[PDB]
Amino acid sequence: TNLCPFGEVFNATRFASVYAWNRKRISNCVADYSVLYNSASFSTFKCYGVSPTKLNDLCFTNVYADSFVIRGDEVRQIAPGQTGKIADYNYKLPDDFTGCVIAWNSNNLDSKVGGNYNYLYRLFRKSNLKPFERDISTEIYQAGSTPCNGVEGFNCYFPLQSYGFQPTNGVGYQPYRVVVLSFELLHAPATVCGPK
Amino acid sequence: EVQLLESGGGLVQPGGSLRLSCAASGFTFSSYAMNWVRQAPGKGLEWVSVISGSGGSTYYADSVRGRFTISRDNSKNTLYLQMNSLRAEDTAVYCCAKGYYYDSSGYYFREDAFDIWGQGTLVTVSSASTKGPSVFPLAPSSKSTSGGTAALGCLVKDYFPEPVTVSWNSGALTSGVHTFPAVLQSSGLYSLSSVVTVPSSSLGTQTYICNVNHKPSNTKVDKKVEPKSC
Amino acid sequence: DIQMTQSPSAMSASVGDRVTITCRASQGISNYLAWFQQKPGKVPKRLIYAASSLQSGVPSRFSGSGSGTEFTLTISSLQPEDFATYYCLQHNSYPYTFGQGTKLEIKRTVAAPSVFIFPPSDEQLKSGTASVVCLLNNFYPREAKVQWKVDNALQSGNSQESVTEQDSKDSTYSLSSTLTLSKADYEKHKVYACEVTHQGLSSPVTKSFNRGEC
Ligand SMILES: *[C@@H]1O[C@H](CO[C@@H]2O[C@@H](C)[C@@H](O)[C@@H](O)[C@@H]2O)[C@@H](O[C@@H]2O[C@H](CO)[C@@H](O)[C@H](O)[C@H]2NC(C)=O)[C@H](O)[C@H]1NC(C)=O
């Protein structure tokens, strides 16, 4: 009865920016998703392909726990078939996504008076992300026709924008920590089951 | 525009039943959890029940557990609260409130709740029977004069159910009138009184009449307040 | 059961004052806290919904802060339509629980009540019951103490009082205390007295009458 180290992912000290979203591979452990679902702690816990009410009656080969931080109003974008800055340039879920999206407000931790600039998100990109793609390039985005020559200015933009995380913001603009649980299913022995 | 319209309240004796409904319009009803919140007369707010959008999860306050049952017909966009084994303490105004996004697939914005409330409907549990009040005069005297002005009034005693309406001189007199809130006596019947301060110099010349109406019993009484008969 | 403690229970302030209401939770409720306003006879209206997030259509003078166990609703500059009762609500864990409420009243100068006493009407006596009424007219603050004395014997458990809402013109309260006796017990005694103590009085005011006298 090895329990899955979800405390490492959820109760982590620091979370990654969405463009540099972090991933934790989870295998050979017993996962109690039910405790999380009924936790009164997370503001969002929506599943796709599975039903959260009795999903710990299931087994998978591996579980990917992606973690990052976004703005509250952007939590709606962490879902299959969504458009927006985050879903296009930061974190894309596939149309056939099978897994859960968990988000909780972290204003008390990831805010700072006058703005916390630790958390950034990609604002420009030549094309949309493929599902589960991670792009950490800091190349000067060329919006115009003349090359940027590695210097930014007119039609030459730095691709990452910073959240100005002040605790005085509205909810839509407060920091939310997000964990996406993806359930990978290979032709191999299934190593992550629930309590039964 | 989000709208909640309650209906189904009324008078009922203890041990009786009553089924409140809340019709919703202007949003995806089947996607949000719904709440019932009651308020006893002159007291605070009390949460009663929550049901999930799927209808699968229901939670109740302990004070109504096992007696009330929350449910919903999403096809009719309607929420229901079935109240059985009703006790007198359940007398309250019952409001229907929109909760957080709670789907068949999980919950989304658990902080955003109670943004929209229904107009509320009144549930009065009592073993009393509809009775009209007696209107007695509180007559002015030397014991009720206070420096040029004298106070007179009407005692509207032993009625059920609420409300009673009280005017003075068929609406001609309004200045300095105080019609007190009804008190619930131990007998189960209500009682209030309406007083007014007037210039005491006019107690012999001006006629003062209080008009009392209690519709539920078919009672109208116009009572003249005669000053101290001595 | 999470228990929400609001402070103060009542509060009087003038227009323009900065008003601060506190709500403490017995346990942690994260940010699942809302503030509602209730005018008399109306439906609760939400003012703040995520402990600090203002509701759309609510003036910016209202603001919410705090988290964990202590929370604060603040009105920067009071306004006439801000005199109401304010409730905090945790919706973190079942059962959801409200605070005891905070009624925000208008502040005025102290005013002592005009006290009057009304013996039972002859008609009511004919009915078989007697009610003596004591009226306290147009005072402030609302705190007042009424004692009934029948033949100098202090009465308890046979009277009920009710007070009006703060008057629209002078913001003064009026209270009525009604003492109920049987006709039999009413005719057993002579002196009926109502003793009022109020902030606006240096010494208690007693108004009394003798049964069947003028
Ligand atoms: C996330 O952490 C909470 C609380 O963890 C405690 O506080 C941390 C800062 C650190 O000091 C830890 O060592 C502490 O345990 C967990 O909540 C508690 O969980 C235990 C069982 O694990 C339970 O008995 C307690 O009642 C819980 N108390 C509270 C207030 O939550 C929580 O389980 C952790 N979540 C995960 C996914 O690991």
# chains A, B, ... in the order shown; residues from 1 in each chain; ligands from 1
>>> interface_residues(of="chain C", to="chain A", cutoff="12 Å", atoms="only C-alpha atoms", output="PyMOL selection string")
chain C and resi 28-32+48-56+63-68+90-96
>>> select_by_dssp(residues="stretch 128-222 of chain B", states="helix (DSSP H, G or I)", output="PyMOL selection string")
chain B and resi 142-144+169-171+200-202+215-217
>>> write_last_selection(atoms="N, CA, C and O atoms", output="PDB file, in the first residue's frame")
ATOM      1  N   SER B 142     -54.711  62.768  31.983  1.00  0.00           N
ATOM      2  CA  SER B 142     -53.630  63.510  32.619  1.00  0.00           C
ATOM      3  C   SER B 142     -52.408  62.621  32.829  1.00  0.00           C
ATOM      4  O   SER B 142     -51.276  63.123  32.884  1.00  0.00           O
ATOM      5  N   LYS B 143     -52.618  61.303  32.941  1.00  0.00           N
ATOM      6  CA  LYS B 143     -51.526  60.335  33.026  1.00  0.00           C
ATOM      7  C   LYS B 143     -50.813  60.131  31.692  1.00  0.00           C
ATOM      8  O   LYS B 143     -49.817  59.395  31.645  1.00  0.00           O
ATOM      9  N   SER B 144     -51.307  60.750  30.610  1.00  0.00           N
ATOM     10  CA  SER B 144     -50.729  60.597  29.279  1.00  0.00           C
ATOM     11  C   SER B 144     -50.509  61.940  28.588  1.00  0.00           C
ATOM     12  O   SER B 144     -50.315  61.976  27.366  1.00  0.00           O
ATOM     13  N   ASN B 169     -57.605  57.960  11.493  1.00  0.00           N
ATOM     14  CA  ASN B 169     -58.519  58.890  10.830  1.00  0.00           C
ATOM     15  C   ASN B 169     -58.582  58.615   9.326  1.00  0.00           C
ATOM     16  O   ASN B 169     -58.504  59.523   8.494  1.00  0.00           O
ATOM     17  N   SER B 170     -58.712  57.329   8.987  1.00  0.00           N
ATOM     18  CA  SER B 170     -58.790  56.868   7.600  1.00  0.00           C
ATOM     19  C   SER B 170     -57.661  57.466   6.769  1.00  0.00           C
ATOM     20  O   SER B 170     -57.836  57.809   5.601  1.00  0.00           O
ATOM     21  N   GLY B 171     -56.491  57.604   7.386  1.00  0.00           N
ATOM     22  CA  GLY B 171     -55.327  58.130   6.709  1.00  0.00           C
ATOM     23  C   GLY B 171     -55.124  59.619   6.863  1.00  0.00           C
ATOM     24  O   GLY B 171     -54.127  60.150   6.353  1.00  0.00           O
ATOM     25  N   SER B 200     -52.461  68.256  23.100  1.00  0.00           N
ATOM     26  CA  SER B 200     -53.452  67.962  24.132  1.00  0.00           C
ATOM     27  C   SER B 200     -54.547  69.009  24.200  1.00  0.00           C
ATOM     28  O   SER B 200     -55.636  68.722  24.708  1.00  0.00           O
ATOM     29  N   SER B 201     -54.291  70.206  23.679  1.00  0.00           N
ATOM     30  CA  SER B 201     -55.301  71.255  23.669  1.00  0.00           C
ATOM     31  C   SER B 201     -56.500  70.892  22.805  1.00  0.00           C
ATOM     32  O   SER B 201     -57.552  71.529  22.925  1.00  0.00           O
ATOM     33  N   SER B 202     -56.368  69.891  21.937  1.00  0.00           N
ATOM     34  CA  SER B 202     -57.410  69.530  20.987  1.00  0.00           C
ATOM     35  C   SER B 202     -58.083  68.203  21.324  1.00  0.00           C
ATOM     36  O   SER B 202     -58.749  67.618  20.463  1.00  0.00           O
ATOM     37  N   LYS B 215     -57.570  41.075   7.307  1.00  0.00           N
ATOM     38  CA  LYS B 215     -58.200  40.357   6.203  1.00  0.00           C
ATOM     39  C   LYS B 215     -58.386  38.861   6.453  1.00  0.00           C
ATOM     40  O   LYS B 215     -59.475  38.350   6.140  1.00  0.00           O
ATOM     41  N   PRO B 216     -57.408  38.113   6.988  1.00  0.00           N
ATOM     42  CA  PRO B 216     -57.554  36.647   7.044  1.00  0.00           C
ATOM     43  C   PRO B 216     -58.788  36.167   7.775  1.00  0.00           C
ATOM     44  O   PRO B 216     -59.237  35.040   7.528  1.00  0.00           O
ATOM     45  N   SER B 217     -59.337  36.980   8.676  1.00  0.00           N
ATOM     46  CA  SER B 217     -60.503  36.629   9.468  1.00  0.00           C
ATOM     47  C   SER B 217     -61.757  37.371   9.058  1.00  0.00           C
ATOM     48  O   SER B 217     -62.810  37.139   9.661  1.00  0.00           O
TER      49      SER B 217
END
>>> interface_residues(of="chain B", to="chain C", cutoff="6 Å", atoms="only C-alpha atoms", output="list in words")
residues 61, 111, 138, 144 and 180 of chain B
>>> write_last_selection(atoms="N, CA and C atoms", output="tab-separated table (two decimals), in the first residue's frame")
chain	number	residue	atom	x	y	z
B	61	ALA	N	-28.79	21.31	6.83
B	61	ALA	CA	-28.51	21.74	8.19
B	61	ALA	C	-29.08	20.71	9.16
B	111	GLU	N	-15.91	29.57	-5.10
B	111	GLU	CA	-16.05	30.81	-4.36
B	111	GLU	C	-17.29	31.59	-4.80
B	138	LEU	N	-56.47	52.84	24.02
B	138	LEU	CA	-55.53	53.35	25.01
B	138	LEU	C	-55.85	54.84	25.12
B	144	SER	N	-51.31	60.75	30.61
B	144	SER	CA	-50.73	60.60	29.28
B	144	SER	C	-50.51	61.94	28.59
B	180	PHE	N	-46.59	49.72	16.37
B	180	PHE	CA	-45.52	48.87	16.84
B	180	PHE	C	-45.51	47.54	16.11
>>> residues_near_ligand(ligand="ligand 1", cutoff="7 Å", atoms="only C-alpha atoms and all ligand atoms", output="mmCIF file with C-alpha atoms, in the first residue's frame")
data_model
loop_
_atom_site.group_PDB
_atom_site.id
_atom_site.type_symbol
_atom_site.label_atom_id
_atom_site.label_comp_id
_atom_site.auth_asym_id
_atom_site.auth_seq_id
_atom_site.Cartn_x
_atom_site.Cartn_y
_atom_site.Cartn_z
ATOM 1 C CA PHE A 6 0.500 13.996 -4.230
ATOM 2 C CA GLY A 7 1.702 16.163 -1.334
ATOM 3 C CA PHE A 10 -0.080 20.007 -4.354
ATOM 4 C CA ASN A 11 1.618 21.041 -1.104
ATOM 5 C CA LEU A 36 -8.866 15.360 -3.024
#
>>> select_by_dssp(residues="stretch 33-127 of chain A", states="strand (DSSP E)", output="PyMOL selection string")
chain A and resi 44-48+59-60+62-71+99-105+120-122
>>> write_last_selection(atoms="N, CA, C and O atoms", output="CSV table (one decimal), in the first residue's frame")
chain,number,residue,atom,x,y,z
A,44,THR,N,-11.7,24.6,-8.0
A,44,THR,CA,-12.1,23.9,-9.2
A,44,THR,C,-11.6,22.4,-9.2
A,44,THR,O,-10.4,22.2,-8.8
A,45,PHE,N,-12.4,21.5,-9.6
A,45,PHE,CA,-12.0,20.1,-9.8
A,45,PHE,C,-13.0,19.5,-10.8
A,45,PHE,O,-14.0,18.8,-10.5
A,46,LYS,N,-12.6,19.7,-12.1
A,46,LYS,CA,-13.5,19.2,-13.2
A,46,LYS,C,-12.8,18.1,-14.0
A,46,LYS,O,-11.6,18.3,-14.3
A,47,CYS,N,-13.5,17.0,-14.3
A,47,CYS,CA,-12.9,15.9,-15.0
A,47,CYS,C,-13.5,15.7,-16.4
A,47,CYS,O,-14.7,16.2,-16.6
A,48,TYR,N,-12.8,15.2,-17.3
A,48,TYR,CA,-13.2,14.9,-18.6
A,48,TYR,C,-12.8,13.5,-19.0
A,48,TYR,O,-11.7,13.1,-18.8
A,59,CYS,N,-7.9,2.1,-12.6
A,59,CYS,CA,-6.5,1.9,-12.7
A,59,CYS,C,-6.0,2.5,-14.0
A,59,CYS,O,-6.7,2.6,-15.0
A,60,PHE,N,-4.7,3.0,-14.0
A,60,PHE,CA,-4.1,3.5,-15.2
A,60,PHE,C,-2.6,3.1,-15.1
A,60,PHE,O,-2.1,2.6,-14.1
A,62,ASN,N,0.2,5.2,-16.1
A,62,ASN,CA,0.9,6.2,-15.4
A,62,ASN,C,0.0,7.4,-15.2
A,62,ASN,O,-1.1,7.5,-15.8
A,63,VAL,N,0.4,8.3,-14.3
A,63,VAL,CA,-0.4,9.5,-14.0
A,63,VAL,C,0.6,10.7,-14.1
A,63,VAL,O,1.6,10.8,-13.4
A,64,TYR,N,0.3,11.6,-15.0
A,64,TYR,CA,1.1,12.9,-15.1
A,64,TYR,C,0.4,14.0,-14.3
A,64,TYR,O,-0.8,14.3,-14.6
A,65,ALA,N,1.1,14.5,-13.4
A,65,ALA,CA,0.6,15.7,-12.6
A,65,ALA,C,1.3,16.9,-13.0
A,65,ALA,O,2.5,17.2,-12.6
A,66,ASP,N,0.7,17.7,-13.9
A,66,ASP,CA,1.2,19.0,-14.3
A,66,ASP,C,0.8,20.0,-13.4
A,66,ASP,O,-0.3,20.0,-12.9
A,67,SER,N,1.7,20.9,-13.0
A,67,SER,CA,1.5,22.0,-12.1
A,67,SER,C,2.0,23.3,-12.6
A,67,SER,O,3.1,23.4,-13.2
A,68,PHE,N,1.3,24.4,-12.3
A,68,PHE,CA,1.7,25.7,-12.7
A,68,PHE,C,0.8,26.7,-12.0
A,68,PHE,O,0.0,26.4,-11.1
A,69,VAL,N,0.9,28.0,-12.4
A,69,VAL,CA,0.1,29.1,-11.8
A,69,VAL,C,-0.4,30.0,-12.9
A,69,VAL,O,0.3,30.4,-13.8
A,70,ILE,N,-1.7,30.4,-12.8
A,70,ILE,CA,-2.3,31.3,-13.8
A,70,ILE,C,-3.2,32.3,-13.1
A,70,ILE,O,-3.2,32.4,-11.8
A,71,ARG,N,-3.9,33.1,-13.8
A,71,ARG,CA,-4.9,34.0,-13.3
A,71,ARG,C,-6.2,33.3,-13.2
A,71,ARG,O,-6.5,32.3,-13.9
A,99,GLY,N,-8.8,13.1,-18.0
A,99,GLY,CA,-8.2,13.5,-16.8
A,99,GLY,C,-8.9,14.6,-16.1
A,99,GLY,O,-10.0,15.0,-16.6
A,100,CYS,N,-8.3,15.1,-15.1
A,100,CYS,CA,-9.0,16.1,-14.2
A,100,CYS,C,-8.1,17.4,-14.2
A,100,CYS,O,-6.9,17.4,-14.3
A,101,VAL,N,-8.8,18.5,-14.0
A,101,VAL,CA,-8.2,19.8,-13.8
A,101,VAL,C,-8.6,20.3,-12.4
A,101,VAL,O,-9.8,20.3,-12.1
A,102,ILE,N,-7.6,20.6,-11.6
A,102,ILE,CA,-7.8,21.0,-10.2
A,102,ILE,C,-7.1,22.4,-10.1
A,102,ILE,O,-5.9,22.6,-10.5
A,103,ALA,N,-7.8,23.3,-9.5
A,103,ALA,CA,-7.3,24.7,-9.3
A,103,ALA,C,-7.7,25.2,-7.9
A,103,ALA,O,-8.8,24.9,-7.5
A,104,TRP,N,-6.8,25.9,-7.2
A,104,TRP,CA,-7.2,26.5,-6.0
A,104,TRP,C,-6.5,27.9,-5.9
A,104,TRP,O,-5.4,28.1,-6.4
A,105,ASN,N,-7.2,28.8,-5.2
A,105,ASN,CA,-6.8,30.2,-5.1
A,105,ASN,C,-5.5,30.2,-4.2
A,105,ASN,O,-5.5,29.5,-3.1
A,120,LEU,N,5.1,34.3,-15.0
A,120,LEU,CA,5.0,34.8,-16.4
A,120,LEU,C,4.2,33.9,-17.2
A,120,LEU,O,3.9,32.7,-16.8
A,121,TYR,N,3.7,34.4,-18.4
A,121,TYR,CA,3.0,33.6,-19.3
A,121,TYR,C,3.3,34.0,-20.7
A,121,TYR,O,3.6,35.2,-20.9
A,122,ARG,N,3.2,33.1,-21.7
A,122,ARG,CA,3.6,33.5,-23.1
A,122,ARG,C,2.5,34.3,-23.7
A,122,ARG,O,1.3,33.9,-23.7
>>> closest_atom_pairs(of="chain B", to="chain A", cutoff="7 Å", atoms="only C-alpha atoms", output="tab-separated table")
residue	atom	partner	partner_atom	distance
B:105	CA	A:47	CA	5.4
B:106	CA	A:46	CA	4.4
B:107	CA	A:45	CA	5.4
B:108	CA	A:44	CA	4.2
B:109	CA	A:43	CA	5.5
B:110	CA	A:43	CA	4.7
B:111	CA	A:43	CA	6.5
>>> write_last_selection(atoms="N, CA, C and O atoms", output="PDB file, in the first residue's frame")
ATOM      1  N   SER B 105     -19.578  16.501 -13.872  1.00  0.00           N
ATOM      2  CA  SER B 105     -18.159  16.245 -14.050  1.00  0.00           C
ATOM      3  C   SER B 105     -17.289  16.891 -12.980  1.00  0.00           C
ATOM      4  O   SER B 105     -16.073  16.676 -12.981  1.00  0.00           O
ATOM      5  N   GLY B 106     -17.866  17.676 -12.077  1.00  0.00           N
ATOM      6  CA  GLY B 106     -17.134  18.297 -10.996  1.00  0.00           C
ATOM      7  C   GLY B 106     -17.562  19.737 -10.812  1.00  0.00           C
ATOM      8  O   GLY B 106     -18.524  20.204 -11.419  1.00  0.00           O
ATOM      9  N   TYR B 107     -16.824  20.454  -9.967  1.00  0.00           N
ATOM     10  CA  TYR B 107     -17.136  21.830  -9.609  1.00  0.00           C
ATOM     11  C   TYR B 107     -16.089  22.792 -10.156  1.00  0.00           C
ATOM     12  O   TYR B 107     -14.917  22.435 -10.307  1.00  0.00           O
ATOM     13  N   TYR B 108     -16.511  24.026 -10.443  1.00  0.00           N
ATOM     14  CA  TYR B 108     -15.638  24.960 -11.149  1.00  0.00           C
ATOM     15  C   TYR B 108     -15.251  26.184 -10.330  1.00  0.00           C
ATOM     16  O   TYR B 108     -14.055  26.426 -10.148  1.00  0.00           O
ATOM     17  N   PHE B 109     -16.198  26.982  -9.839  1.00  0.00           N
ATOM     18  CA  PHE B 109     -15.879  28.283  -9.239  1.00  0.00           C
ATOM     19  C   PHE B 109     -16.483  28.314  -7.838  1.00  0.00           C
ATOM     20  O   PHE B 109     -17.424  29.060  -7.561  1.00  0.00           O
ATOM     21  N   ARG B 110     -15.911  27.513  -6.942  1.00  0.00           N
ATOM     22  CA  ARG B 110     -16.555  27.259  -5.660  1.00  0.00           C
ATOM     23  C   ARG B 110     -16.658  28.510  -4.792  1.00  0.00           C
ATOM     24  O   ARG B 110     -17.454  28.533  -3.849  1.00  0.00           O
ATOM     25  N   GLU B 111     -15.908  29.567  -5.103  1.00  0.00           N
ATOM     26  CA  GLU B 111     -16.055  30.814  -4.360  1.00  0.00           C
ATOM     27  C   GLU B 111     -17.292  31.590  -4.796  1.00  0.00           C
ATOM     28  O   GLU B 111     -17.951  32.228  -3.968  1.00  0.00           O
TER      29      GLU B 111
END
>>> atom_distance(atom1="atom CA of residue C:2", atom2="atom CA of residue B:100")
19.6 Å
>>> residues_around(residues="residue B:152", least_positions_apart="2", cutoff="10 Å", atoms="only C-alpha atoms", output="PyMOL selection string")
(chain B and resi 137-141+144-145+150+154+177+194-198+200+203+208+225-227) or (chain C and resi 116-118+135)
>>> residues_around(residues="stretch 14-22 of chain B", least_positions_apart="4", cutoff="7 Å", atoms="only C-alpha atoms", output="ChimeraX atom specification")
/B:4-9,78-88,96,125-127
>>> write_last_selection(atoms="C-alpha atoms", output="mmCIF file, in the first residue's frame")
data_model
loop_
_atom_site.group_PDB
_atom_site.id
_atom_site.type_symbol
_atom_site.label_atom_id
_atom_site.label_comp_id
_atom_site.auth_asym_id
_atom_site.auth_seq_id
_atom_site.Cartn_x
_atom_site.Cartn_y
_atom_site.Cartn_z
ATOM 1 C CA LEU B 4 -35.650 32.810 -9.328
ATOM 2 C CA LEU B 5 -39.359 32.774 -8.437
ATOM 3 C CA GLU B 6 -40.458 30.900 -5.325
ATOM 4 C CA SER B 7 -43.940 29.696 -4.477
ATOM 5 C CA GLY B 8 -45.612 27.211 -2.177
ATOM 6 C CA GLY B 9 -45.475 28.773 1.281
ATOM 7 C CA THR B 78 -37.223 23.999 -10.907
ATOM 8 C CA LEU B 79 -35.858 23.461 -7.405
ATOM 9 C CA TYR B 80 -38.021 21.891 -4.690
ATOM 10 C CA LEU B 81 -37.880 21.809 -0.899
ATOM 11 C CA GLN B 82 -40.276 19.247 0.594
ATOM 12 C CA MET B 83 -40.919 20.079 4.260
ATOM 13 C CA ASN B 84 -42.500 17.303 6.343
ATOM 14 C CA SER B 85 -42.917 17.019 10.117
ATOM 15 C CA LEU B 86 -43.042 20.806 10.284
ATOM 16 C CA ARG B 87 -42.412 22.413 13.668
ATOM 17 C CA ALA B 88 -43.327 25.914 14.788
ATOM 18 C CA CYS B 96 -33.783 30.166 -3.067
ATOM 19 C CA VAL B 125 -46.180 26.624 11.107
ATOM 20 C CA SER B 126 -48.601 27.145 13.997
ATOM 21 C CA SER B 127 -51.420 25.308 15.729
#
>>> residues_around(residues="residue C:13", least_positions_apart="6", cutoff="8 Å", atoms="only C-alpha atoms", output="MDAnalysis selection string")
chainID C and resid 19 104:107
>>> write_last_selection(atoms="C-alpha atoms", output="PDB file, in the first residue's frame")
ATOM      1  CA  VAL C  19     -17.216  51.737   9.247  1.00  0.00           C
ATOM      2  CA  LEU C 104     -25.722  49.654  11.142  1.00  0.00           C
ATOM      3  CA  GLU C 105     -27.897  52.356  12.687  1.00  0.00           C
ATOM      4  CA  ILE C 106     -28.058  56.129  12.360  1.00  0.00           C
ATOM      5  CA  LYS C 107     -26.354  58.135  15.089  1.00  0.00           C
TER       6      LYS C 107
END
>>> residues_around(residues="residue C:146", least_positions_apart="3", cutoff="8 Å", atoms="only C-alpha atoms", output="number ranges by chain")
C: 177, 194-197
>>> write_last_selection(atoms="C-alpha atoms", output="PDB file, in the first residue's frame")
ATOM      1  CA  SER C 177     -44.302  47.395  27.143  1.00  0.00           C
ATOM      2  CA  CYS C 194     -44.056  51.562  35.062  1.00  0.00           C
ATOM      3  CA  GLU C 195     -40.456  52.448  35.924  1.00  0.00           C
ATOM      4  CA  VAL C 196     -38.241  53.526  33.026  1.00  0.00           C
ATOM      5  CA  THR C 197     -34.468  53.892  33.160  1.00  0.00           C
TER       6      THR C 197
END
>>> closest_atom_pairs(of="stretch 149-191 of chain B", to="stretch 35-44 of chain B", cutoff="12 Å", atoms="only C-alpha atoms", output="JSON lines")
{"residue": "B:162", "atom": "CA", "partner": "B:41", "partner_atom": "CA", "distance": 11.5}
{"residue": "B:181", "atom": "CA", "partner": "B:42", "partner_atom": "CA", "distance": 10.0}
{"residue": "B:182", "atom": "CA", "partner": "B:41", "partner_atom": "CA", "distance": 10.6}
{"residue": "B:183", "atom": "CA", "partner": "B:41", "partner_atom": "CA", "distance": 10.5}
{"residue": "B:184", "atom": "CA", "partner": "B:41", "partner_atom": "CA", "distance": 10.4}
>>> atom_distance(atom1="atom CA of residue B:62", atom2="atom CA of residue B:113")
21.1 Å
>>> residues_around(residues="stretch 126-135 of chain A", least_positions_apart="6", cutoff="7 Å", atoms="only C-alpha atoms", output="list in words")
residues 19, 20, 88, 89, 91, 92, 93 and 94 of chain A
>>> atom_distance(atom1="atom CA of residue A:187", atom2="atom CA of residue A:61")
8.3 Å
>>> decode(residues="stretch 20-37 of chain B", atoms="N, CA and C atoms", output="tab-separated table (two decimals), in the first residue's frame")
chain	number	residue	atom	x	y	z
B	20	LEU	N	-42.16	23.73	-1.26
B	20	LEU	CA	-41.78	24.97	-1.92
B	20	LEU	C	-41.13	24.65	-3.26
B	21	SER	N	-41.38	25.51	-4.24
B	21	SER	CA	-40.72	25.40	-5.53
B	21	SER	C	-40.09	26.74	-5.88
B	22	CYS	N	-39.00	26.66	-6.64
B	22	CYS	CA	-38.24	27.82	-7.10
B	22	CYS	C	-37.99	27.62	-8.58
B	23	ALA	N	-38.67	28.40	-9.41
B	23	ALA	CA	-38.51	28.34	-10.86
B	23	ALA	C	-37.37	29.25	-11.27
B	24	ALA	N	-36.46	28.72	-12.07
B	24	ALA	CA	-35.26	29.42	-12.48
B	24	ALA	C	-35.32	29.73	-13.97
B	25	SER	N	-34.70	30.84	-14.35
B	25	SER	CA	-34.61	31.19	-15.76
B	25	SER	C	-33.42	32.11	-15.96
B	26	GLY	N	-32.82	32.03	-17.14
B	26	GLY	CA	-31.73	32.91	-17.50
B	26	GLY	C	-30.34	32.38	-17.27
B	27	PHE	N	-30.17	31.08	-17.08
B	27	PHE	CA	-28.86	30.47	-16.92
B	27	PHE	C	-29.03	28.96	-16.99
B	28	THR	N	-27.92	28.26	-17.18
B	28	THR	CA	-27.97	26.80	-17.25
B	28	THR	C	-28.26	26.26	-15.85
B	29	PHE	N	-29.53	25.95	-15.59
B	29	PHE	CA	-29.94	25.52	-14.26
B	29	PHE	C	-29.25	24.22	-13.86
B	30	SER	N	-29.16	23.27	-14.78
B	30	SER	CA	-28.62	21.95	-14.49
B	30	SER	C	-27.12	21.95	-14.22
B	31	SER	N	-26.44	23.09	-14.32
B	31	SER	CA	-24.99	23.16	-14.15
B	31	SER	C	-24.56	23.68	-12.79
B	32	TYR	N	-25.46	24.27	-12.01
B	32	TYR	CA	-25.12	24.87	-10.74
B	32	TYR	C	-25.84	24.17	-9.59
B	33	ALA	N	-25.18	24.16	-8.44
B	33	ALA	CA	-25.85	23.73	-7.23
B	33	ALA	C	-26.80	24.83	-6.77
B	34	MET	N	-27.85	24.43	-6.05
B	34	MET	CA	-28.87	25.36	-5.60
B	34	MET	C	-29.03	25.24	-4.10
B	35	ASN	N	-29.44	26.35	-3.47
B	35	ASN	CA	-29.52	26.45	-2.03
B	35	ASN	C	-30.88	26.94	-1.58
B	36	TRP	N	-31.27	26.47	-0.40
B	36	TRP	CA	-32.39	27.00	0.37
B	36	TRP	C	-31.84	27.62	1.64
B	37	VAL	N	-32.26	28.85	1.92
B	37	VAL	CA	-31.84	29.60	3.10
B	37	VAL	C	-33.08	30.24	3.73
